[PDB]
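Chain by chain, the residues:
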Amino acid sequence: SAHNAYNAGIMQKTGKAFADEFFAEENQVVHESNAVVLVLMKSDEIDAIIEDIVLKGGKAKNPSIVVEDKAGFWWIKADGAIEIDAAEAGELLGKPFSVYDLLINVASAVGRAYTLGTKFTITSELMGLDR
Amino acid sequence: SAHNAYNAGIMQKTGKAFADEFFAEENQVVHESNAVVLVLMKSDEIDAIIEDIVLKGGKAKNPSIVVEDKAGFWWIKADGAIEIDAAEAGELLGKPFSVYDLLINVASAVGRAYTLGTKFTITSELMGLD
Amino acid sequence: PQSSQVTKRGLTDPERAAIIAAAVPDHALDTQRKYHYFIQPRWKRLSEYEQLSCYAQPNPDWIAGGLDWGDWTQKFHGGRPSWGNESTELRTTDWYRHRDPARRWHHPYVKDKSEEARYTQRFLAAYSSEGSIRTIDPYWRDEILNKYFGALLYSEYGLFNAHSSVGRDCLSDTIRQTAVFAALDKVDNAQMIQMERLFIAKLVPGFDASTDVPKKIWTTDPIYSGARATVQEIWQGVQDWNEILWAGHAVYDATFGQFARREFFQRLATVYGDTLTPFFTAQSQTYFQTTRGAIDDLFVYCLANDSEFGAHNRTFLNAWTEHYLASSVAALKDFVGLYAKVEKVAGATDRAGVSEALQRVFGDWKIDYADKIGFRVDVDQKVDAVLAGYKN
Amino acid sequence: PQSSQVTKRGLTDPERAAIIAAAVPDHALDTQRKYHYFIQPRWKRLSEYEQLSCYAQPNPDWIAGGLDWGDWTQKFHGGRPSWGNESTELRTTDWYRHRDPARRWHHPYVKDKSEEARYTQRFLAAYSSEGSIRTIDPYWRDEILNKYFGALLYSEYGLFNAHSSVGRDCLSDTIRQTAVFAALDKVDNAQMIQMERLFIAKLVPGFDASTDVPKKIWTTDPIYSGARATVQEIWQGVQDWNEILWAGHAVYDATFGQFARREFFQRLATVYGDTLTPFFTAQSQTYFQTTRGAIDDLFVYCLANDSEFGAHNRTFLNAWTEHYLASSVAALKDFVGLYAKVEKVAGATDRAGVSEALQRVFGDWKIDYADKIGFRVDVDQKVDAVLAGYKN
Amino acid sequence: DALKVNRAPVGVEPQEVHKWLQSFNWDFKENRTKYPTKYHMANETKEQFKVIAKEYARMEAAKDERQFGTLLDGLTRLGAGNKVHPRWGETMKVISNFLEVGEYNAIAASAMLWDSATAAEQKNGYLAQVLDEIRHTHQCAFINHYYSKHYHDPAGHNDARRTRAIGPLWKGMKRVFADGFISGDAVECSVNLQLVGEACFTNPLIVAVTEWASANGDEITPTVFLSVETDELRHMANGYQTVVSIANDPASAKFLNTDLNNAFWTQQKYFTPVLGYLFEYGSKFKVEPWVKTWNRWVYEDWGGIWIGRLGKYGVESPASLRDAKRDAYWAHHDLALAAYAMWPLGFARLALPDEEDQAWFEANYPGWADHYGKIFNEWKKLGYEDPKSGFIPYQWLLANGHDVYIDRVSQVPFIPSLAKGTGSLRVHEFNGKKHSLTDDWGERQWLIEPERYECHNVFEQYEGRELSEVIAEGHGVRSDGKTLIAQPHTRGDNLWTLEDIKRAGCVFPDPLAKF
Amino acid sequence: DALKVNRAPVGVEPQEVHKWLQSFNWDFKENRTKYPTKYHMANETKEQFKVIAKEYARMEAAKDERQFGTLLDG
Amino acid sequence: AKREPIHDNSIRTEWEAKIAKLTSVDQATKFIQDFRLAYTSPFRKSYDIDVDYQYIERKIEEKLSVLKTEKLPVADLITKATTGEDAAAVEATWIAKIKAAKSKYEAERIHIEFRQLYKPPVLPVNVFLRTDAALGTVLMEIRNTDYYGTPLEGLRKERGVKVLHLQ
Ligand SMILES: [Fe+3]
Ligand SMILES: [Fe+3]
């Protein structure tokens, strides 16, 4: 919510106001963000995952998830991590749906993307550096 | 030619004129037609076959061919027969294209449809009778 | 130009798409989007195989499980229904219950067989280039494989044609899909057998891939005399579609078919230097285990354990099994005479080797079918009955 | 709702589709619709494989065949070009000339390997259900197949890693695609070998599918001493990507690889009752003949008969062949010591049987490669050289 | 034994063989990389995706069938090929083909990572990436291949693999996502190709472009491009494992900051102005200001989720970021001046911003109307679109002291008297050759590594030659042999020919002669 | 023999097996239809498409992937 | 100046005639080393054939290589340079030179001059790429040490450029 929106922060301003914050002194170095960004390619299988997994159990567990419509794909941003279970998606779709079949329409992944069994997870945790 | 058009003959008339010929006495029994009607499902392979085979070499050999656009498919009607060669279609597409790969988008076939080697042909000939 | 009207697509034409957008309500008119949600799922959640298959057949309430009502609109002369309970001795509380464990509707079926189709041709083009046929035993290749493995395609072909009435007569969708898929795999085995013989003819000059000798052997050679009589009975002698499926896949093909294909041609191919035949038998055996999975669910789960007619069905299944097992035993008794024509190999073609092969076929059959319908069978007695036709 | 703007599709939005329709001219601005029509077709007509592959690499005019100009925009420290002629001893008038006869771009490559992927798992579930592993010879399964066919995966793994520099260094698209597809098929062989060992372990209790014994055999057993040294040279000893491809596929794998895979494990599987391994060797041999088709077109059609550097290339190919053939002979001399550990079978494992196997491998190699680059070779001398390592 | 066995239906799953992949590699003296590198730390890492050969082929083939079904059957039946706005149909000639060489060079760059990797899982993991970049190459090829068959202007879509060599914009493309990857430290590709290339810039280049494509009627590109990025998450997973090993070793970390900022500026120097120009100027309908797209995907997301997170482990923020942000705002407008002025050198048909476009530019970029706007409107009054005008804006630039220079390092054009983005002209003479550099980051690369940047520019090759002679020599013509592929308008009539260009009399000068 | 053989890359096309399909049927007394009919004439005819099991599955699956690709994705 | 066409000009035709008159391995080796010392790398002696030297070098390479296969024995193609030196000794000699260089400027000229003299076909390909890789490794580690330490003004002086213009 809010902070994970695509048009959040400086992205709301336009014209001279946008340039003033864009060229601000404090915004000339990157700022650490505990967020993750997952992009889902639109399909019959993904539209079912969007409505019934990330926006249902995914948003209940992580209320900070934001899902934006971008014509051809879904733009998902959340704090910490984003999880999708292929076995859960297979029961929802009623067809064989392994974790590799899930990755068919999982495109951009700004974050540490990995798979644990039947679950896909893009997390903000730096594995091999944190923990 | 004109007789093989989709809106040919009575299909041009509307209203009372269409009904007068539709319910005419001489039009209550079927009339033998030496024509064939082939419907091609629109696709990348079929749109290439339509533009470069049936409308090029097919119309040169058979000038009576008519090809009408029907949104989702191609309506082809001609006298005698209609031939499409899968090897010729394969040369045009540059990929393996057998006679069974041609049939992926060959739908309706009003006539005696058959295959002779690598060539698909729908003819008006009553095979086994003529 | 063209005589007819160039129709404007409502999806893309700006004027029609605007009209369509104005007619489509901004809200859904119902939240139930699960296609045939009322289908009772066999597994944890309802699968697409069930949604696309189940209740497609329009059965009325007087056919067990039907959701419709009334009589058929048109029936045979005399009054035979389009589908009716007279088509089989077996009875059930719901014909819709059957579920292929492979969950094959049409698309996954042809998708799996297309893979086998295309990969076979890449294998053959490379196998011919490999020249691996040079190491095969010539006697096994010409006198045993070509003549009798080619003759076995008629057993596979006969089983395929047994399904002709089953595909018309059976009383539910998922069963009909099971039977037809089982029928195509059988004619597939018949063709793949002839496909291999044609292939060897391209690599071995003089190797005659004609079906004349296999047909004369299938029809006159006493080695296939018992099998031929059995398949002519399962195919054309009966019309109970449940009896055909049971006698076909669960008795004859499970005992004789398994022994001839796997215990004889596939196995002995791997003692006679035959590097080609295991590629084809790998497909027919895969078809069998896939077919068995569906037949097992039809007759064991649904019929032999039907909550109301379980014992009623097992009564017929026992009578059927006892009859067609005697046929298959007589067919196997004739078939082991073929061992008198093969090169002697210890542990495979001797009396001890064929005994252990018959114990594998009958022992597995008792576990896979007989023990599931309460059919008692002495495996040692059936092995000795077949070994009576074996020449020492 | 959402913070950003829901963008309207120009294909369906009535307002934008009307604007697009008004801006799109009612006529084509050119009639040439053949994608890269200027590609010189190798076959009767220009192929889609060629349209998607050819001239993808942006080579300049100072790389033979390049349609571009100028120096590279960024080069290594010291001045090494992004791509250069220093990457190989061989020369040609056009590096783009190579054409995979299978015409594999990426999609048909993965399409054919997906079919093999899914059908393999259907084969294994049925083969395990068939219980056909019961008829295999136990000694061959445990002491020869598991230990030494498992050790052979390391030869396949090394060949795969040899392509790492080839994939970076080679100078044309069709060559780069050929090498990478050939590299995946090699690691596939290594994985499919380990897959069969894991599969057998599920059926045979005590059967250890761990790679410790195969790795210990590959690295310390003198049977694989010559093979290991040859692959370590093709992989890490040289960087001439043409030498790597030639020594790998056309010499070592065409002689040693073919003998071990086809003449030993696949062939002897069909004299020891092994009904499972011929399913896996069928894929590796199919991969070989497909790779050979591409390797043959690169070195024979394009290079050994290049109008200007044909004899220049055959000079290097002969020196390469002479060196790596001696390695493969020394590798085969070590490998035939494995026959002292196998069960004796006439015409397969005896001295005459191994002689005919070596005559097949070297005789075919003379026809498929040696005779195409003008490399004279005495097959009987090479057979006798390897048979020196055979124990009677 | 021969009678009893477990007949339970079993196979072997991909992760069952993948757990033994690490044991496939054996130790020997020569088992090291062939390519030069300065990172010699331990990299015995595991890959985050249990991919084997058979399973790799299964996922990708599954992706392709859906994509090729959508194209060959669905969108073709809809006639979606000719439903693209002309501006965007021309822009997909550049974007798809320029990405094609970035995908093609990624094949080789991934092979260096494959070769320089030490763990067997990373070698197998990068081989899968190598295969993917081949798939991406054929996919970018398929877009233009499809566009050639169903779009109203196949020229440019049909012969870009040779007609791109005519223009200067293609020069910089051969560095940003090409030579910048494969020509350097091998393991450093985990920084330039992966940590900066695939993790930062593929998201706007491959994914964000799909929204502009759909906005301008193009459903062909999203079908293919979105399917390309489905492989990218596996690619960056390989690169992240190596960056971890580099950051944990202090001997290797002393080179990461330098290589990161060098790789970032190398790729952003071209990507930021070129794609910003292609998005905003090569489209009728705008999704959003390019500077916002850059801020969302490059500065905030990648900068914070990747670089900002890695900040607590020595990875510093790129010191060229402030200069990069100034490029995000103006540099693509500077490139528009050069790209429209030298339009006969390209292979696409451009369109001057209309009155609605100009309002959108001035609104989102205050001051655009007084600078870039007045220039574009003056060119139009001089006959920029009229083939009977004999006007080409490059001659107009030199007549007013607005000389175009080519950066010796990045090959990116620079007009110091008109550029608002980051840049200042530095002209050095070294061993009788004159070199022009544009920024502090590229100049340092040329001063330290001159032998790495001896790339001839379009003026050094075409010097003293007439404009239409270069175009005809480079095959920049349509099937008739005289009509130019490139055009200054997107209409179907009054297309410029070689004679129309010849009447302008444009002859390439030596921009560095005045020094 | 065991040394010399034709290693030309060959397969077997669908119509090669289809030419032997007619020989797959054997004559016996019960080889008749099970359903009532009034048509008992000779019907030993050829089908106009050389379709076998493997080739049927190959073309139909090719149709499905294009269809299901258009629906599920496009 | 006015450049002739790119791919077929009088400079390239002229240089192909010089190449055709090369009849021995030693002569082509002398011809190719002098050519690379005079027209290649930032330390070349002339830029007079700048837009043509790369194509010309290819044609020189093609002549020397064919003369190698026609004249040199097989072993000399693998183990020796066309200068007569042992290819392995050339590798060890130029490696020890760049590791002994006391600055990045000494090291870059040793690597550049090595590629000018021993770029194939004079030195065997496998030995060259291995030698070039080892030389590039040492050149990278010393260049990437305090890469931003020297300011641009001081970096221009160390390089030795003639600063013609600074906006
Ligand atoms: Fe890519
Ligand atoms: Fe990538």
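- The deposited coordinates, according to the entry record, derive from X-ray crystallography at 2.4000 Å resolution.

1. As for the overall build of chain A
Okay, step 1: A tally of helices and strands in chain A yields four helices and seven strands.
Okay, step 2: Of the regular secondary structure in chain A, the N- to C-terminal order runs α-β-α-β-β-β-α-α-β-β-β.
Okay, step 3: The dimensions of chain A, computed from C-alpha atoms along their principal axes, are 50 × 35 × 25 Å.
Okay, step 4: Look at the contacts in chain A between residues 6 or more apart in sequence, and 63% of them connect residues 24 or more apart.
Okay, step 5: By element, 55% of the accessible surface of chain A is carried by carbon and sulfur atoms, the whole surface being about 5,100 Å².
Okay, step 6: Charge separation in chain A, taken as the distance between the mean sites of 12 positive and 20 negative side-chain charges, equals 2 Å.

2. Details of the coordination of the iron ion (ligand 1)
Residue and element names in this part refer to chain E.
Okay, step 1: The coordination sphere of the iron ion (ligand 1), as far as protein atoms go, consists of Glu103 (OE), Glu133 (OE) and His136 (ND1), spread over 2.0 to 2.1 Å.
Okay, step 2: Donor residues for the iron ion (ligand 1) sit on one chain with the sequence pattern E-x29-E-x2-H.
Okay, step 3: The metal-metal distance between the iron ion (ligand 1) and the iron ion (ligand 2) comes to 3.2 Å, with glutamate 133 coordinating both. With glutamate 103 in helix α3 (residues 86-116) and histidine 136 in helix α4 (residues 120-150), the pair connects residues that are 33 residues apart, well separated along the chain.
Okay, step 4: Residue classification places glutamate 103 among the buried residues on the basis of a relative accessible area of 4%.
Okay, step 5: Residue classification places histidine 136 among the buried residues on the basis of a relative accessible area of 0%.

3. Brief notes about the coordination of the iron ion (ligand 2)
Residues and elements named next belong to chain E.
Okay, step 1: Only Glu133 (OE), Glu198 (OE), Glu232 (OE) and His235 (ND1) from the protein coordinate the iron ion (ligand 2), and they sit 2.1 to 2.2 Å from it.
Okay, step 2: Metal-centred angles of 86 to 169 degrees between the four donor atoms at the iron ion (ligand 2) mark the site as irregular.
Okay, step 3: Read in sequence order, the donor residues for the iron ion (ligand 2) give the motif E-x64-E-x33-E-x2-H.
Okay, step 4: Accessibility expressed as a relative area gives 5% for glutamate 232, which makes it buried.

4. A short note on the packing of helix α7 (residues 189-215) of chain E against helix α9 (residues 232-248) of chain E
Residue and element names in this part refer to chain E.
Okay, step 1: Where α7 contacts α9, the axes come no closer than 8 Å and their chain directions differ by 145 degrees. Of the two elements, α7 crosses α9, and the hand of that crossing is left-handed. In contact with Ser190, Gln194, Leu195, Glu198, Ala199, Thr202 and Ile206 of α7, α9 contributes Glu232, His235, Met236, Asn238, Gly239, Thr242, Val243 and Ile246.

5. Some points on the interface of chain D and chain E
How big an interface is tends to be reported as the loss of accessible area on association of its parts.
Okay, step 1: Opposite the 116 residues of chain D that make contact, chain E presents 123 residues.
Okay, step 2: Counting each side, the surface lost to burial between chain D and chain E is near 10,400 Å², with a carbon and sulfur contribution of 61%.
Okay, step 3: Where chain D packs against chain E, one counts six salt bridges.
Okay, step 4: With its nearest N and O atoms 2.7 Å apart, the salt bridge here joins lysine 54 of chain E to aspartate 188 of chain D.
Okay, step 5: Linking chain D with chain E are 81 residue pairs in polar contact.

6. Here's the deal with the interface of chain D and chain G
Okay, step 1: On the chain G side, the residues contacting the 31 residues of chain D number 34 residues.
Okay, step 2: Counting the surface lost from both chain D and chain G, the interface buries some 2,600 Å², and carbon and sulfur atoms represent 53% of this.
Okay, step 3: Taken together, chain D and chain G are joined by four salt bridges.
Okay, step 4: Between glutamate 86 of chain D and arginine 115 of chain G there is a salt bridge; the shortest N-O distance is 2.7 Å.

7. Re α7 of chain E
Residues and elements named next belong to chain E.
Okay, step 1: An ideal rise of 1.5 Å per residue puts 39 Å on 27 residues; α7 reaches only 34 Å between its terminal C-alpha atoms.
Okay, step 2: Along α7, the sharpest change in direction is near 55 degrees and occurs at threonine 202; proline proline 204 comes one to four residues later.
Okay, step 3: Most of α7 sits out of view: 27 of its 27 residues are buried.
Okay, step 4: Looking one or two residues past α7, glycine 217 carries a phi angle of roughly 85 degrees, positive in sign.

8. Overview of the sheet that holds strand β6 (residues 112-116) of chain A
Residues and elements named next belong to chain A.
Okay, step 1: Taken together, three strands build an open sheet; the order of strands is β4-β7-β6 and the sheet is antiparallel. For this open sheet the edge positions go to β4 (81-85) and β6, each flanked by a neighbour on one side alone. The average angle at which neighbouring strand axes cross in this sheet is 15 degrees, direction not considered.

9. Comments concerning the pattern of salt bridges
Okay, step 1: For the structure on display, the rule yields 155 salt bridges over all chains.
Okay, step 2: In this structure, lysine 113 of chain C engages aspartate 188 of chain C in a salt bridge whose closest nitrogen and oxygen atoms are separated by 2.8 Å. In this pair, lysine 113 of chain C sits in helix α3 (residues 106-130) while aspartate 188 of chain C sits in helix α5 (residues 173-203), placing the two residues 75 residues apart along the sequence. For the pair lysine 113 of chain C and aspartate 188 of chain C, one class covers both residues: buried.
Okay, step 3: Note that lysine 388 of chain E and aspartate 500 of chain E form a salt bridge whose closest N and O atoms lie 3.4 Å from each other. In this pair, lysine 388 of chain E is assigned in the loop between α15 (369-381) and α16 (393-399) and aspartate 500 of chain E in helix α20 (residues 498-504), connecting sequence segments 112 residues apart.
Okay, step 4: A relative accessible area of 62% means that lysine 388 of chain E is categorised as exposed.
Okay, step 5: According to the relative accessible area criterion, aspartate 500 of chain E is buried, its value standing at 3%.
Okay, step 6: The network of salt bridges with shared partners includes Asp112, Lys113, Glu115, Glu116, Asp185 and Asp188 of chain C, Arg118 and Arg122 of chain D together with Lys54 of chain F.

10. Description of the side chain of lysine 292 of chain E
Okay, step 1: Within the fold, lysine 292 of chain E resides in helix α12 (residues 290-310).
Okay, step 2: The side chain of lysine 292 of chain E sits in the buried core without any salt bridge; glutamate 288 of chain E is the nearest counter-charge, 7.3 Å away.

11. Notes on the environment of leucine 278 of chain E
All names here are of chain E.
Okay, step 1: Among the secondary structure elements, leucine 278 is positioned in helix α11 (residues 256-281).
Okay, step 2: Residue classification places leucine 278 among the buried positions, given a relative accessible area of 8%.
Okay, step 3: Sequence spacing of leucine 278 and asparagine 105 is 173 residues, and the spatial spacing of their C-alpha atoms is 22 Å.
Okay, step 4: The residues touching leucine 278, leaving out its near neighbours within four places in the chain, are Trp88, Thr91, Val94, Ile95 and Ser283.

12. Some details on the pairing of strand β7 (residues 119-123) of chain A
All names here are of chain A.
Okay, step 1: Judged by how many residues are buried, β7 sits mostly within the fold: four of five residues are covered.
Okay, step 2: Strand direction decides the pairing type here: β4 and β7, joined by five bridges, are antiparallel. Looking at β7, one finds that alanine 81 is bridged to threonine 123.
Okay, step 3: When β6 meets β7, the two strands line up antiparallel, connected through five bridges. For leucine 116, the partnering residue across the bridge sits in β7 and is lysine 119.
Okay, step 4: What sits between β6 and β7 in their antiparallel hairpin is a turn of two residues, with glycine 117 showing a positive phi close to 70 degrees.

13. Description of the sheet that holds strand β7 (residues 119-123) of chain B
Residue and element names in this part refer to chain B.
Okay, step 1: Pairing in this open sheet of three strands is antiparallel, and the strands run β4-β7-β6 from one edge to the other. The sheet is open, and its two borders are formed by β4 (81-85) and β6 (112-116), each paired with just one other strand. Averaged over all pairs of adjacent strands, the angle between strand axes in this sheet comes to 15 degrees, irrespective of strand direction.
Okay, step 2: Taken together, the five bridges between β6 and β7 define a ladder with antiparallel strand orientation. Among the inter-strand pairings, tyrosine 114 is bridged to a residue of β7, identified as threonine 121.

14. Here's the deal with the packing of aromatic side chains
Any pair of aromatic rings gets described here by the distance separating the centres and the angle formed by the planes.
Okay, step 1: The full count for this structure, using the stated rule, is 152 aromatic pairs over all chains.
Okay, step 2: Look at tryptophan 26 of chain E and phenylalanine 28 of chain E: their rings are 5.7 Å apart centre to centre, the planes differ by 35 degrees, and that puts the pair in the tilted class. The two residues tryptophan 26 of chain E and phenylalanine 28 of chain E agree in class, both being buried.
Okay, step 3: Directly above the aromatic system of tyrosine 53 of chain G lies the positively charged group of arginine 44 of chain G, at a separation of 4.5 Å from the ring centroid.

About the criteria used
- Residues numbered from 1 in each chain as written, not as in the entry; some residues may be left out.
- Chains lettered and ligands numbered in written order.
- Part of a larger assembly, values for the part shown.
- Heavy atoms only, no water.
- Helix = DSSP H or I, 4+ residues; strand = E, 2+ residues; numbered from the N terminus.
- Contact = heavy atoms within 4.5 Å.
- Areas by Shrake-Rupley, 256 points an atom, 1.4 Å probe, with all protein chains shown as cover.
- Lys, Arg positive; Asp, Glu negative; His and termini not counted.
- Charge placed at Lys NZ, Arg CZ, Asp CG, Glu CD.
- Donors = N, O, S within 2.8 Å, 3.2 Å for Na, K, Ca; no water.
- Buried < 20%, exposed > 50% of the residue type's maximum accessible area, 1.4 Å probe, protein only.
- Tetrahedral: all angles 85-135°; square planar, octahedral: opposite > 155°, others 65-115°.
- Axes fitted to C-alpha atoms, helices over the stretch in contact; angles between N-to-C directions.
- Left-handed = near helix turned anticlockwise from the far one by under 90°.
- Buried area = accessible area lost by both parts, 1.4 Å probe.
- Salt bridge = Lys/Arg side-chain N within 4 Å of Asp/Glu carboxyl O.
- Polar contact = N/O pair within 3.5 Å; in protein donor to acceptor, adjacent residues only side chain to side chain.
- Expected span 1.5 Å × (residues − 1).
- Bend = angle between axes of the 7 residues up to and from the residue.
- Pairing = 2+ DSSP bridges.
- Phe/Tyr/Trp six-rings, centres within 6.5 Å; stacked < 30°, edge-to-face > 60°.
- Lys NZ or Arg CZ within 6 Å of the ring centre and 35° of its normal.

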